[PDB]
Amino acid sequence: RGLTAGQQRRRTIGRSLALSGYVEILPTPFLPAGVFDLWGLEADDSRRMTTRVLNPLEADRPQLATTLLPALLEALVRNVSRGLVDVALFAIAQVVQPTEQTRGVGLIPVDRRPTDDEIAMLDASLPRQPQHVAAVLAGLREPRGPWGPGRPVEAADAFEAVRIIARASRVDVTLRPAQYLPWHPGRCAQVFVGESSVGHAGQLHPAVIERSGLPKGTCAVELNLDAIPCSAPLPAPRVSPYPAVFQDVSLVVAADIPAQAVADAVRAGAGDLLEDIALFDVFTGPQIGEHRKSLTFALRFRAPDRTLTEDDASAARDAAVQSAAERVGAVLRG
Amino acid sequence: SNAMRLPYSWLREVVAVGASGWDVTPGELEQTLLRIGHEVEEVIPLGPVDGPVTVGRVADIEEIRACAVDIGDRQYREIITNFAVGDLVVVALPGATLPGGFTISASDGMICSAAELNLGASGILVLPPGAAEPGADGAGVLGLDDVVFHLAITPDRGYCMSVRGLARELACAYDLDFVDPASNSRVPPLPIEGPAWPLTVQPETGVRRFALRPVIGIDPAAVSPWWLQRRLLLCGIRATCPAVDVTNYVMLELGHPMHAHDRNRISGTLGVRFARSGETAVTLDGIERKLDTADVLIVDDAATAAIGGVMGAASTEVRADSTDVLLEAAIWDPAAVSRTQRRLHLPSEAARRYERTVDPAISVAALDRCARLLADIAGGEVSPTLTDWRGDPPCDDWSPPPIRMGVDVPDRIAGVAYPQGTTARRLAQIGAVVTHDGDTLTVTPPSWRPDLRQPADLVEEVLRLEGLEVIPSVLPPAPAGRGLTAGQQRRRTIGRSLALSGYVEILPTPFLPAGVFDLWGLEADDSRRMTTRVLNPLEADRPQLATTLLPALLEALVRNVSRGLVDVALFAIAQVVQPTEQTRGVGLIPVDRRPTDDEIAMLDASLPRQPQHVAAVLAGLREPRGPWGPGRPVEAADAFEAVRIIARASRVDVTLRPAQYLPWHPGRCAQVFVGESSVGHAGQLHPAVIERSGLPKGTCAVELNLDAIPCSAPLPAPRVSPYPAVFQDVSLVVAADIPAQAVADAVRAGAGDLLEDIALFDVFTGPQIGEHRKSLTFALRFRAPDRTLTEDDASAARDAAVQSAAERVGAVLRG
Amino acid sequence: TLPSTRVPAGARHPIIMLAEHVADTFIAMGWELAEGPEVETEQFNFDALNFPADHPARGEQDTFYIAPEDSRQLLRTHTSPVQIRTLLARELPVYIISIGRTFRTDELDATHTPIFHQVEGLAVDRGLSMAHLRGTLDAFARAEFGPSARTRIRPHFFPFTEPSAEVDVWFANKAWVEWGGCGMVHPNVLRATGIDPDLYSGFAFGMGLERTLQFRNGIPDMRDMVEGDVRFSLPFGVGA
Amino acid sequence: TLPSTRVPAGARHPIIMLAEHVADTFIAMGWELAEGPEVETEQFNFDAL
RNA sequence: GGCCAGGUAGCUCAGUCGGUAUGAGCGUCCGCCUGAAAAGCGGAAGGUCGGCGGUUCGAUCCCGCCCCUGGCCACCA
Ligand SMILES: CS(=O)(=O)NCCNc1ccccc1
Ligand SMILES: [Mg+2]
Ligand SMILES: [Mg+2]
Ligand code: NA
């Protein structure tokens with residue numbers, strides 16, 4: 001039957017991240033000594049529930065990895081400490097997340113096949129080992145050259161790494177603000193496939209960067225691939241031969257309102273005529289009140305069976321503005 | 001022309017002779033025909049009607065007409081153009097609902113036609129005198145409970161172009177006893193008391209049999225009975241007169257097309273010969289035809305009588321006053337009929353059956369069937385004379401050669417252990433003689449099955465009658481394959497890389513736009529102009545095949561831009577057609593053997609060069625706008641980067657060099673090289689080409705020849721040095737024409753193995769730098785594999801790079 | 001939640017992706033891929049495929065012919081000549097599929113296209129039966145239409161096969177749908193390639209990709225599948 | 001000839017690519033690819049073997 | 001193959017039997033407007049009216065074949 005859907009997706013994710021500038025490493029399961037103390041995690045953090053090795057090659061590294069970031073950050077330090085300060089790494093491997101203390105199973109006689117209940121018991125006594133994809137970035141994201149001085153790594157680069165993985169998996173994700181160490185609590189997005197959390201991404205916390213000897217502004221992302229369902233979409237696009245109508249709408253919202261929520265509100269009210277929407281301006285000048293921001297979206301309307309008029313398009317735009325007013329309290333720019 | 005229509009009642013009638021009481025659901029018969037290999041196109045029921053739809057006789061017409069009609073029981077109703085007084089017509093009295101909701105009401109009704117009655121195709125329906133008493137039920141007289149089957153007969157089953165063939169097929173599928181309607185053992189055949197008409201046949205013309213028998217003294221006022229006219233209409237043939245209706249009816253019944261001539265308009269001996277060049281013949285339809293030297297004709301001492309197996313002429317055409325009829329039953333060459341009927345566009349009911357072969361053994365039997373049927377309905381006298389030309393020497397056995405195959409061969413091919421005797425029973429069921437000799441059968445197919453030539457043909461007969469459903473689904477043992485080739489794998493990598501970089505793949509059309517090279521402004525001797533032409537293109541202004549993929553991509557680019565999508569990046573991976581000579585084909589190679597390698601190489605050499613290219617086009621914004629900024633428009637360097645993307649996907653190194661090559665901008669065009677071989681071009685298109693092609697401004701394009709790029713399998717073995725590096729920058733001033741890569745190469749040549757990396761990050765012109773010169777600043781990273789470097793150690797390698805750049809590109813250290 | 005994609009991803013064509021998925025299906029069953037020229041000689045396009053000399057498909061109405069007239073050079077009406085070349089060039093046994101561009105005379109509308117891509121399979125070995133053909137078709141149908149997919153074959157006619165059959169497919173995602181044609185390789189084709197019909201048997205099959213993608217995804221207008229409009233390719237994702 | 005790669009291509013790990021090539025080799029011969037946990041019971045790592 | 005209806009702006013379509021297609025909707029451009037936009041308002045650009053020819057000072061509109069468009073009639077031993 002060939003490759004499974006999960007094995008095929010694992011390749012597509014690797015090809016996509018590598019073509020986007022990331023370098024794959026082979027992460028080691030043995031966590032660094034006191035890595036969770038540097039991260040400042042609470043004593044009840046689920047990542048601290050680790051499986052420990054009785055006879056490790058280094059007595060200060062007995063615990064198995066519940067997350068891929070400590071191994072990636074270790075390879076990130078190795079590259080930066082040796083002259084390669086503009087680096088983007090990624091890894092696709094499993095973690096070891098025990099749900100209980102180390103519980104063994106007695107010897108089953110090997111003169112027979114183990115029963116299906118005995119096979120299930122051996123699996124339950126093992127720690128959960130889901131497959132994760134993770135990545136770290138530091139230094140310049142885009143190098144300098146005859147075009148300009150390049151661009152440093154920012155949190156949006158880690159957010160784009162999520163969407164690269166999402167497109168490779170052919171799933172739709174949403175990013176929501178969250179507080180989750182070791183990330184920067186003001187630059188940390190929680191990734192959702194539907195309403196199920198699959199990981200986090202963004203810039204790392206500056207205190208974690210200081211205590212770990214990391215480069216300033218280091219960003220990271222870790223997703224649970226087993227939590228992302230394998231999708232097999234069968235699109236049926238219908239290309240309309242009729243011209244489009246281009247309009248822009250400028251909305252003023254509170255500063256805390258996510259730009260995606262404004263776009264979702266605009267999309268919900270515009271209806272089926274809305275072919276494409278794109279944010280291209282965020283303005284917080286003096287004519288905009290404090291703790292508020294102006295957002296301007298480029299709208300593209302097109303009917304499947306007729307040529308529209310500006311009044312037809314403005315009806316969908318005004319309906320979008322009303323939806324934005326009801327859902328995020330937007331005010332038409334004036 | 002491939003259809004075959006017949007009503008179910010006629011088909012059941014022939015089957016019921018051997019299988020009394022046979023009758024199946026029309027849906028069940030549809031599944032049986034499908035299961036044995038007959039594709040049905042439509043199953044059309046007749047009618048339906050209800051209420052007062054009766055048959056009546058015209059009383060008298062008062063003319064647009066107005067006539068009273070005896071609707072039976074001495075009742076008269078008046079309704080208000082090819083009928084006189086006394087004709088039996090079908091009326092739709094008030095209260096009736098015709099097919100399609102058409103309800104008739106008060107003119108005391110409506111005169112019905114075969115159209116709205118859902119019975120045929122034309123005026124009004126006229127029943128022959130004596131068809132039905134005025135006042136009978138219209139549905140029962142017209143037989144609207146019948147069902148017409150429309151079948152698409154494959155060209156290997158010409159014997160199924162008749163009721164005889166399909167009835168035999170159903171008897172095979174239902175394991176029924178079959179009475180062939182073309183046999184002698186129903187009524188004894190007609191007497192043979194001498195020649196019927198003198199004829200001469202040129203043996204080199206392909207005729208296998210030519211029979212004649214006259215019918216003398218028929219009633220010219222006689223009309224075909226209703227049961228014969230009705231069956232003709234349901235099969236798609238319109239009635240005319242008894243002499244013609246029987247020739248078409250027998251053609252449908254037995255599959256042997258018949259033709260009726262007027263015996264009083266035949267002058268002398270009939271002659272079958274090839275047509276002379278420029279010879280004409282006024283056919284039966286009154287249309288003059290131009291004939292070819294490869295066309296068979298029937299002529300006498302005066303004019304031409306018929307086009308062999310296609311259509312008869314008007315010279316001997318049966319007319320309304322004909323009383324002496326000479327019936328023709330001939331077997332023409334299928335290839336000669338096919339060539340003739342297609343040259344002058346005459347898909348005749350006789351021609352379609354003749355090109356699919358006709359059973360030669362039934363020529364006299366169908367002739368006697370036709371002659372006796374004509375005299376019965378027209379009151380004629382069947383002459384006991386018969387001419388039966390059967391080749392020279394006269395052939396008396398029309399059986400194909402015997403075929404030998406193992407008794408279990410169908411079992412092996414099907415993968416099913418059929419019960420014993422299955423093969424011999426099925427082959428005898430379809431009409432073949434089967435004899436045994438150990439485990440080997442010797443099968444002689446019947447004369448109406450020329451398609452049965454070798455054991456494979458016999459296997460199909462056994463399997464299709466047993467049903468393909470019984471064949472199990474067994475996955476074969478997989479061979480130990482090698483997977484994808486390097487080139488096939490590489491085309492996936494290129495497609496994945498370009499798609500992830502923002503390019504959208506299209507399927508390019510090989511038909512170039514009209515005058516695309518004139519829009520590009522190419523010279524007359526450009527190799528891309530030497531195209532391959534198509535003789536029958538869907539657009540006459542686009543006959544040439546594609547020597548380059550860009551015209552197809554640019555056509556899709558214009559389509560996207562013209563519909564609101566102005567920021568487009570497209571690509572395509574497909575072959576081109578590049579001839580090195582005029583269109584030259586090789587002669588026919590005998591198909592009864594394997595062609596030698598010299599013939600195979602001769603076939604490949606006669607074909608134009610067809611290498612696989614990869615190409616791409618760009619327009620509008622390369623990078624879209626957003627909260628990050630205003631975006632970036634497409635520029636020439638984006639096409640150069642597309643080259644680098646394809647090169648990294650191919651794991652080969654490329655070098656770009658300035659070049660002048662239309663349709664590219666001469667100052668913004670690069671020629672791509674792998675080693676020292678040219679593999680394509682890339683850059684921005686010429687502004688004159690863009691203006692003349694209706695392209696967006698600044699359009700860029702790439703096209704590479706994948707077959708010119710060699711496959712590579714590098715085995716890198718890098719050694720990571722644990723020692724620190726040394727960072728230094730160098731600024732070199734060169735002439736403006738010196739490529740930046742040539743300077744970087746010269747720096748890398750002098751720096752030696754200490755140089756770990758070099759990157760250009762500044763191209764500076766301006767007042768400090770002289771005219772037609774430029775300053776380049778490279779970022780250097782030195783690292784030793786076994787030691788830590790000092791600043792002087794790196795400067796020595798840097799100075800060696802400066803000296804290398806000085807003697808290779810004339811660089812001067814920036815001061 | 002701000003947009004972060006500075007370089008929006010593109011899209012490989014759905015027909016190319018479907019062709020790749022079909023290829024991977026047969027590679028996983030030990031088969032291999034072969035290519036051939038789109039401008040083919042009439043020898044390999046009709047003559048070696050047991051087409052009679054007066055066949056209607058040899059005419060100028062149903063086949064793109066290369067000018068001038070009677071040049072015995074044309075655009076291929078199927079990918080079958082690719083398998084004739086493989087049969088001549090490779091040693092037995094042969095298990096190949098060919099996925100290439102095919103040229104027919106049909107006008108471009110909502111359900112037809114003159115330029116379409118089809119997949120053809122060819123297996124020639126010792127003791128290949130119709131059961132092996134049916135087994136391969138069922139694995140082909142399951143990989144493209146789901147685990148509940150199954151094929152149905154009805155007798156038909158093709159010049160290069162004997163017995164011949166048309167393949168119908170059943171998929172529950174929305175009844176039987178006409179899919180393609182198949183059959184045992186005609187013995188005349190084997191002798192035209194130097195293969196003994198008494199020692200080697202074989203089967204072949206052929207399905208169009210545009211046809212398969214149409215009723216599988218419910219695409220209304222097939223003109224959107226060949227005209228290269230970006231709005232049609234992008235919804236199918238990148239395809240890496 | 002100026003540099004045009006604003007976003008430098010990365011690299012998948014060679015061991016991963018070698019594994020992918022080995023996997024494609026056997027899959028081309030009808031084989032299939034299986035998976036398993038790195039933390040395994042002693043019953044399956046030793047006793048069953 | 002004898003009669004029609006049709007090919008008209010970037011898209012989708014109206015409309016004229018001779019000097020202006022005062023072409024529509026949408027697409028493109030400028031101004032007022034906005035930090036920059038869009039709408040709104042006020043200005044514009046762009047068609048050689050399917051090709052090659054034949055009549056006129058003048059032809060998308062008037063006779064002659066073709067590119068390729070869906071439809072009738074006619075022909076159908
Ligand atoms: C609608 S079709 O063009 O795709 N028909 C496919 C027929 N080709 C074929 C190929 C091998 C064996 C049998 C048939
Ligand atoms: Mg069919
Ligand atoms: Mg047969
Ligand atoms: Na440049």
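All heavy atoms count here, side chains included; hydrogens, waters and symmetry mates do not. Protein chains get the first letters and strands the later ones, always in sequence-line order, with residue 1 at the start of each.
Pairing check for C57(E) against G19(E): the Watson-Crick or wobble criterion is satisfied, both distances under 3.5 Å. Between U28(E) and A44(E) there is a base pair of the Watson-Crick or G-U wobble kind, both of its two distances falling under 3.5 Å. Taken together, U22(E) and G58(E) do not constitute a Watson-Crick or G-U wobble pair, since the relevant N/O distances do not both lie under 3.5 Å.
Residue-to-nucleotide contacts include no donor-acceptor pair under 3.5 Å from the side chain of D541(B) to the base of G51(E). On a pure distance criterion of 3.5 Å, no polar donor-acceptor pair joins the side chain of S562(B) and the base of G10(E). With hydrogens and angles ignored, a donor-acceptor pair under 3.5 angstrom links the side chain of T296(A) to the base of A36(E).
Spacing of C1' atoms, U56(E) relative to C63(E), comes out at 14 Å, to the nearest Å. Atom name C1', nucleotides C61(E) and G15(E): the rounded distance is 11 Å, in whole Å. Spacing of P atoms, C4(E) relative to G47(E), comes out at 33 Å, to the nearest Å. Taking atom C1' in both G10(E) and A74(E), the straight-line distance is 43 Å, to the nearest Å. Rounded to whole Å, the separation between the P atoms of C49(E) and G43(E) comes to 29 Å. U12(E) sits 31 Å from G31(E) when the P atoms are compared, rounded to a whole Å.
The pair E623(B)-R6(C) fails the salt-bridge criterion, with no side-chain N (NZ, NE, NH1 or NH2) lying under 4.0 Å from an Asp/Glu carboxylate O. Salt bridge status for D368(B) with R213(B): present, with a side-chain N to carboxylate O gap under 4.0 Å.
Using a 4.0 Å heavy-atom distance criterion, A514(B) is classed as making no nucleic acid contact. Among the heavy atoms of the strands lying under 4.0 Å from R333(A) is at least one base atom, whether or not backbone atoms are also near. Looking at heavy-atom distances under 4.0 Å, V558(B) makes no contact with the nucleic acid at all.
Stacking between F246(A) and the base of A38(E) is absent under the criterion of ring centres within 5.5 Å and planes under 30 degrees.
Nucleotide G40(E) is matched to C32(E) when pairs are restricted to Watson-Crick or G-U wobble geometry with both distances under 3.5 angstrom. The partner of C49(E), taking Watson-Crick or G-U wobble pairs whose two distances both stay under 3.5 Å, does not exist in any strand shown. Nucleotide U16(E) forms a pair with no other nucleotide shown, judged by Watson-Crick or G-U wobble geometry with both contacts under 3.5 Å.
A south sugar is assigned to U22(E): the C1'-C2'-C3'-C4' torsion is negative, on the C2'-endo side. Sugar pucker of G58(E): north, as indicated by a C1'-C2'-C3'-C4' torsion of positive sign. Judged by the sign of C1'-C2'-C3'-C4', the furanose ring of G19(E) adopts a south, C2'-endo-like conformation.
Open room surrounds CG on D272(A); 12 or fewer heavy atoms of other groups in view lie less than 6.0 Å from it.
Nucleotide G27(E) holds its P atom 8 Å from the CD atom of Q247(A), rounded to whole Å. The distance from atom CG of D312(A) to atom P of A39(E) is 15 Å, rounded to the nearest whole Å.
The aromatic ring centres of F64(C) and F511(B) sit less than 6.0 Å apart. Side-chain rings of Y249(B) and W227(B) approach one another, their centers coming within less than 6.0 Å.
Neither OP1 nor OP2 of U12(E) sits under 4.0 Å from any side-chain N or O of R302(A). When the side-chain nitrogen and oxygen atoms of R559(B) are compared with OP1 and OP2 of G10(E), none of them lie within a distance under 4.0 Å.
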